[PDB]
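Colleague: I am attaching a structure below and will ask some questions about it afterwards.
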There are 2 protein chains.
Amino acid sequence: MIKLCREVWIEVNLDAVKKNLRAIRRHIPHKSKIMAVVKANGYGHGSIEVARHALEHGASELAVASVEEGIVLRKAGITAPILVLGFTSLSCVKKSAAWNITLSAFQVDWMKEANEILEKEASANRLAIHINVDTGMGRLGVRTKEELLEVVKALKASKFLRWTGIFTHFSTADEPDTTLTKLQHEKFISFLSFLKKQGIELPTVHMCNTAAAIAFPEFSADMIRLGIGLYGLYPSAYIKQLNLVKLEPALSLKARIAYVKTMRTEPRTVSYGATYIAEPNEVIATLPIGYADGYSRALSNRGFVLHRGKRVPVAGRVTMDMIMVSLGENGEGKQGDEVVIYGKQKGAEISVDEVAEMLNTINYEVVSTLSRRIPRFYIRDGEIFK
Amino acid sequence: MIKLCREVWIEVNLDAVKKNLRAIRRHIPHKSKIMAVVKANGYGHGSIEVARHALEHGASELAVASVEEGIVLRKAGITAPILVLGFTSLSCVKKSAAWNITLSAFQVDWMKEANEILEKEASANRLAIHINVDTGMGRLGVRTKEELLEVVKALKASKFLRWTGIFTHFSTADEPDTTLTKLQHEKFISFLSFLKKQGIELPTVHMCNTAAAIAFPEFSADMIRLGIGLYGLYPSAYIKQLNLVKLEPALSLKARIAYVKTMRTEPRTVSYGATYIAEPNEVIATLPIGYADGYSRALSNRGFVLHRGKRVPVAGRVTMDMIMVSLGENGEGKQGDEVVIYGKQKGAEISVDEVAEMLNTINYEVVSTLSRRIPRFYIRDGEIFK
Ligand SMILES: [Cl-]
Ligand SMILES: [Cl-]
């Protein structure tokens, strides 16, 4: 089984990941490609094994948050295109060209300076560029067709850059009111059409995230960017209730009980602040996960974990490295028992959507703040590896 | 200055760690050693460089959450004693003896099993053990004098273990009500004196955290465990208000503006959910930090950052890798401008403590969930490195 000194770990089910890709591949047009988004350590799931697996099973490109995340995938042996979705400093142009990481860019000046850095070094690859068109996200990208033309001309003139994509991001494709999504789409389409009647041939057009690919597959164009759906999580309850694509959650968080005790002697106080007094024959188990792992301190006296198919409440405050749970009066549990923090156990389930609802956040945050000091184990074809 | 592809980073001021150590050193009895707690990646500050500096400037021993965290320190050359505060599986007894990591234990079965594991391996290293006495934290550790005596006996009868410490943890030493802190101390003393009355000589006795080292320095005994105070952060407003010791915060969290734009064209929506709509002449600056870095999504439309010495509000929802801030109508910013997320800038300051109140949590969680994908830079004698 799993041998740890500190007995907490994550299981990422790569069979779920494969299934999530085939579901998306079969929903969207057959012409359209899939870009798997493995930024932020694969939304907390591990970027290397999820990328490796997604490229095996439907994906042809990868997207990350930064050059460094991209280089980690190159060092793992991955030769697929890697697109950086955020901003990359000019000081990393040489390094991105060296690792063949595709950069997002959306400014004329950035293009020219990037091109000179690369020509002043000669012995270079050409740097691939995707243009980010901002159609309503308000984050990064060009916002007018005149500015976009300025950028495409600077890029087309730059001998050491290469134009391989143009994209936009929908900010509300996960919501039932579609008016803003439809507006983003026709803004984008009108921009691409403006470029076409200049006689500018277009590269790969991509615009859909998980929500837009499920809800508007006709927006798939050349490529979609599969993020949250890849991990078997729906972008929102609304997208989930559309019941168009069946996704299967990939991540489970588990631990083993570190210690069990009956609270016979005084004081029967539990954890910092003594916010929880146990009963004389109440049984308190101590678990080796804490808020420094990403298990929110807000789950103090609120959270549940699965122990032997039953939900047992977190007792007292979450500590940096450990939590106490109440097994009840004369509760049954032994040191070493397997506890499920996120995931399924026997009948019962604590999904990350539930923990995210209970914390007034979204599943995206619950999984991508899972600390890297938690080891990740991958299940593929029933069997565990690392 | 600092050259990053993704222009976010942490600065840890080791000169401030030095000062916090001296401040604590003058405040506690000369007999008592200082054990620096660097568990959870040094409370998010980086375990290695903080430990190296602590041992250089007054700390004699280290404490971590797990054997894995101790091995990281040993791999970096640190030879000081290292105590694991948490529970270590029996499957790591041999590894702990090889790396000379000190474990806490509090069970007879664990002692006997740990001993025979090293026995069956003809081990030359005796495994250092500290006994954890639970006097009201209810987390780990032995709870009665009879059980503790049996544990001491099993330890002493174990030729391959070495008893190097006994300790307890204060549940509420950071609160105005000292009732439980006095009670735990009284229990702890009575147990040690119960042991001494049995012809047992005690090893290093330690019990104080930052709070109790500040508020009850007469509890210093042989050694204190300096955690949050090492990083320049007070355990509570109460302990800060007692104005007994002057701590200097060691962490700042900074970034560089990735893009600046005036929201002249429609739509003027900013970020997911279109929860913020800009004015036609409002300046929106995009920053490369997001919830996956540890910047809570709950700061959406509520947090501030420092630009040119001014607090500017987070605009719209925090996204995984980026936030948007409003520089106001006709605001002044350039791409590349340095922004302070946590810490000091010109006159102003966003302290980790303010961010913690804003999120209904404690500074421990704000700092120890700063993600590892953010590079840590170390300032020692007013000069940076990594
Ligand atoms: Cl964007
Ligand atoms: Cl404890």
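Letters A, B, ... mark the chains of the structure tokens in the order given; residue numbers begin at 1 per chain; ligand numbers begin at 1, in order shown.
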At a cut-off of 7 Å and counting only C-alpha atoms and all ligand atoms, what residues surround ligand 1? Please answer as number ranges by chain.

Modeller: A: 132, 134, 137-141, 168-169

Colleague: Take the residues from that selection and write them out as a compact mmCIF listing (two decimals), in the first residue's frame, keeping N, CA, C and O atoms.

Modeller:
# COMPACT_ATOMS: atom_id res chain seq x y z
N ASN A 132 -3.64 37.25 -27.78
CA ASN A 132 -4.80 37.27 -26.91
C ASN A 132 -5.66 38.46 -27.32
O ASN A 132 -5.19 39.61 -27.28
N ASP A 134 -8.80 40.49 -26.14
CA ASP A 134 -9.70 40.72 -25.01
C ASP A 134 -11.05 41.20 -25.55
O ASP A 134 -11.17 42.31 -26.07
N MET A 137 -13.22 39.81 -21.00
CA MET A 137 -12.56 39.39 -19.76
C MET A 137 -11.93 40.56 -19.03
O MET A 137 -11.92 40.60 -17.79
N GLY A 138 -11.37 41.52 -19.77
CA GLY A 138 -10.71 42.66 -19.17
C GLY A 138 -9.37 42.36 -18.53
O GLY A 138 -8.88 43.17 -17.74
N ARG A 139 -8.75 41.24 -18.86
CA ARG A 139 -7.55 40.83 -18.15
C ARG A 139 -6.31 41.18 -18.95
O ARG A 139 -5.57 42.10 -18.59
N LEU A 140 -6.09 40.43 -20.04
CA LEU A 140 -4.99 40.62 -20.97
C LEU A 140 -5.55 40.62 -22.38
O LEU A 140 -6.63 40.09 -22.63
N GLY A 141 -4.83 41.25 -23.30
CA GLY A 141 -5.16 41.15 -24.71
C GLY A 141 -5.54 42.49 -25.31
O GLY A 141 -5.76 43.48 -24.61
N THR A 168 -9.43 34.22 -27.41
CA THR A 168 -10.13 35.08 -26.49
C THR A 168 -10.63 34.19 -25.36
O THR A 168 -10.63 32.97 -25.46
N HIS A 169 -11.04 34.82 -24.26
CA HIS A 169 -11.59 34.12 -23.11
C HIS A 169 -12.99 34.65 -22.82
O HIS A 169 -13.19 35.87 -22.73

Colleague: Using only C-alpha atoms, find which residues of chain A lie within 6 Å of chain B and jot them down as number ranges by chain.

Modeller: A: 5-6, 66, 87-89, 92, 136-138, 171-172, 267, 269-273, 292, 368-369

Colleague: Convert the current residue selection to file output with C-alpha atoms, as a PDB file, in the first residue's frame.

Modeller:
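Printed below is part-v5.pdb as written:
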ATOM      1  CA  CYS A   5       5.964   9.138   7.273  1.00  0.00           C
ATOM      2  CA  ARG A   6       3.183  11.727   7.392  1.00  0.00           C
ATOM      3  CA  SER A  66       4.007  30.709 -16.900  1.00  0.00           C
ATOM      4  CA  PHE A  87       2.090  37.653 -19.391  1.00  0.00           C
ATOM      5  CA  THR A  88       5.736  36.731 -19.969  1.00  0.00           C
ATOM      6  CA  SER A  89       8.478  39.257 -19.283  1.00  0.00           C
ATOM      7  CA  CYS A  92      12.360  35.522 -20.636  1.00  0.00           C
ATOM      8  CA  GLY A 136     -14.713  41.232 -22.312  1.00  0.00           C
ATOM      9  CA  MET A 137     -12.562  39.386 -19.762  1.00  0.00           C
ATOM     10  CA  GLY A 138     -10.706  42.663 -19.167  1.00  0.00           C
ATOM     11  CA  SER A 171     -15.886  35.499 -18.754  1.00  0.00           C
ATOM     12  CA  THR A 172     -19.433  34.171 -18.192  1.00  0.00           C
ATOM     13  CA  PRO A 267      -9.181  19.060  30.645  1.00  0.00           C
ATOM     14  CA  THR A 269     -10.362  20.778  25.557  1.00  0.00           C
ATOM     15  CA  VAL A 270      -9.522  20.175  21.877  1.00  0.00           C
ATOM     16  CA  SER A 271      -7.133  22.236  19.691  1.00  0.00           C
ATOM     17  CA  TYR A 272      -6.221  25.937  19.746  1.00  0.00           C
ATOM     18  CA  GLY A 273      -8.531  28.316  21.548  1.00  0.00           C
ATOM     19  CA  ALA A 292      -0.796  24.673   5.529  1.00  0.00           C
ATOM     20  CA  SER A 368      -5.424  24.202  -6.886  1.00  0.00           C
ATOM     21  CA  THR A 369      -4.490  25.320  -3.362  1.00  0.00           C
TER      22      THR A 369
END

Colleague: One decimal, Å: what's the distance from atom CA of residue 45 of chain B over to atom CA of residue 383 of chain B, could you say?

Modeller: 16.8 Å

Colleague: Report, in Å to a single decimal, how far apart atom CA of residue 329 of chain A and atom CA of residue 146 of chain B are.

Modeller: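 Rounded to one decimal, the two atoms are 23.5 Å apart.
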
Colleague: For a test of reading the model, state the distance in Å between atom CA of residue 100 of chain A and atom CA of residue 80 of chain A, rounded to one decimal.

Modeller: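 Distance reported for this atom pair: 9.6 Å.
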
Colleague: Considering only helix (DSSP H, G or I) as DSSP defines it on the backbone, what residues of segment 132-252 of chain B qualify? List them as number ranges by chain.

Modeller: B: 145-156, 179-196, 210-215, 217-219, 228-231, 237-241

Colleague: Could you write out, as a PyMOL selection string, all the residues of segment 134-348 of chain A that DSSP marks as strand (DSSP E)?

Modeller: chain A and resi 161-167+204-208+223-226+251-256+259-262+269-270+276-277+282-287+304-307+310-313+323-329+338-345+348

Colleague: Write out, as a PDB file, in the first residue's frame, the residues just selected, with C-alpha atoms.

Modeller:
ATOM      1  CA  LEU A 161       8.520  35.309 -34.214  1.00  0.00           C
ATOM      2  CA  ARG A 162       5.905  32.935 -35.577  1.00  0.00           C
ATOM      3  CA  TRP A 163       2.124  33.416 -35.486  1.00  0.00           C
ATOM      4  CA  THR A 164       0.448  30.161 -34.451  1.00  0.00           C
ATOM      5  CA  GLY A 165      -2.768  31.207 -32.710  1.00  0.00           C
ATOM      6  CA  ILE A 166      -5.271  33.858 -31.744  1.00  0.00           C
ATOM      7  CA  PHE A 167      -7.706  33.509 -28.898  1.00  0.00           C
ATOM      8  CA  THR A 204      -5.481  28.363 -35.021  1.00  0.00           C
ATOM      9  CA  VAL A 205      -8.550  30.072 -33.536  1.00  0.00           C
ATOM     10  CA  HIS A 206      -9.412  28.963 -30.035  1.00  0.00           C
ATOM     11  CA  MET A 207     -11.895  30.508 -27.657  1.00  0.00           C
ATOM     12  CA  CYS A 208     -13.814  27.966 -25.543  1.00  0.00           C
ATOM     13  CA  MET A 223      -9.321  24.373 -30.704  1.00  0.00           C
ATOM     14  CA  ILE A 224     -10.838  24.492 -27.231  1.00  0.00           C
ATOM     15  CA  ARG A 225      -9.026  24.908 -23.929  1.00  0.00           C
ATOM     16  CA  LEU A 226     -10.094  22.135 -21.565  1.00  0.00           C
ATOM     17  CA  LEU A 251      -8.924  13.833  -7.301  1.00  0.00           C
ATOM     18  CA  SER A 252      -9.270  12.280  -3.870  1.00  0.00           C
ATOM     19  CA  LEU A 253      -7.611  13.516  -0.681  1.00  0.00           C
ATOM     20  CA  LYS A 254      -6.962  10.896   2.002  1.00  0.00           C
ATOM     21  CA  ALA A 255      -5.183  10.469   5.313  1.00  0.00           C
ATOM     22  CA  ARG A 256      -4.730   7.845   8.012  1.00  0.00           C
ATOM     23  CA  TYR A 259      -4.054   8.905  17.032  1.00  0.00           C
ATOM     24  CA  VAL A 260      -7.284   7.897  18.789  1.00  0.00           C
ATOM     25  CA  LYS A 261      -8.170   8.506  22.444  1.00  0.00           C
ATOM     26  CA  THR A 262     -11.089   8.632  24.849  1.00  0.00           C
ATOM     27  CA  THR A 269     -10.362  20.778  25.557  1.00  0.00           C
ATOM     28  CA  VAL A 270      -9.522  20.175  21.877  1.00  0.00           C
ATOM     29  CA  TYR A 276     -14.383  22.352  21.622  1.00  0.00           C
ATOM     30  CA  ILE A 277     -14.903  20.410  24.866  1.00  0.00           C
ATOM     31  CA  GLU A 282     -16.087  10.874  23.497  1.00  0.00           C
ATOM     32  CA  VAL A 283     -13.430   9.518  21.128  1.00  0.00           C
ATOM     33  CA  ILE A 284     -11.216  12.053  19.322  1.00  0.00           C
ATOM     34  CA  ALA A 285      -9.089  11.012  16.347  1.00  0.00           C
ATOM     35  CA  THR A 286      -6.198  13.168  15.154  1.00  0.00           C
ATOM     36  CA  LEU A 287      -5.555  13.457  11.414  1.00  0.00           C
ATOM     37  CA  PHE A 304     -16.546  16.596   7.765  1.00  0.00           C
ATOM     38  CA  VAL A 305     -14.298  13.710   6.798  1.00  0.00           C
ATOM     39  CA  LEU A 306     -15.336  10.198   5.840  1.00  0.00           C
ATOM     40  CA  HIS A 307     -14.331   7.556   8.379  1.00  0.00           C
ATOM     41  CA  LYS A 310     -19.764   7.877   7.891  1.00  0.00           C
ATOM     42  CA  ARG A 311     -19.209  11.622   8.031  1.00  0.00           C
ATOM     43  CA  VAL A 312     -17.550  12.595  11.299  1.00  0.00           C
ATOM     44  CA  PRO A 313     -17.306  16.274  12.217  1.00  0.00           C
ATOM     45  CA  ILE A 323      -7.072  18.192  12.569  1.00  0.00           C
ATOM     46  CA  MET A 324      -9.098  16.469  15.262  1.00  0.00           C
ATOM     47  CA  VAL A 325     -12.378  14.755  14.427  1.00  0.00           C
ATOM     48  CA  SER A 326     -14.993  13.403  16.833  1.00  0.00           C
ATOM     49  CA  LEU A 327     -15.874   9.736  16.457  1.00  0.00           C
ATOM     50  CA  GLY A 328     -18.573  10.274  19.121  1.00  0.00           C
ATOM     51  CA  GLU A 329     -19.349   8.647  22.437  1.00  0.00           C
ATOM     52  CA  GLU A 338      -8.031   5.322   6.316  1.00  0.00           C
ATOM     53  CA  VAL A 339      -9.990   8.580   6.274  1.00  0.00           C
ATOM     54  CA  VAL A 340     -11.272  10.318   3.130  1.00  0.00           C
ATOM     55  CA  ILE A 341     -11.154  14.102   3.171  1.00  0.00           C
ATOM     56  CA  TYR A 342     -12.251  14.751  -0.411  1.00  0.00           C
ATOM     57  CA  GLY A 343     -13.741  11.913  -2.403  1.00  0.00           C
ATOM     58  CA  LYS A 344     -15.750   8.735  -2.036  1.00  0.00           C
ATOM     59  CA  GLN A 345     -15.686   6.143   0.760  1.00  0.00           C
ATOM     60  CA  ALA A 348     -20.637   8.319   1.190  1.00  0.00           C
TER      61      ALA A 348
END

Colleague: Of the candidates B:178, B:209, B:13, B:123, which shows the shortest atom-to-atom distance to ligand 2, using only C-alpha atoms and all ligand atoms?

Modeller: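 Using only C-alpha atoms and all ligand atoms, ligand 2 sits closest to B:209.
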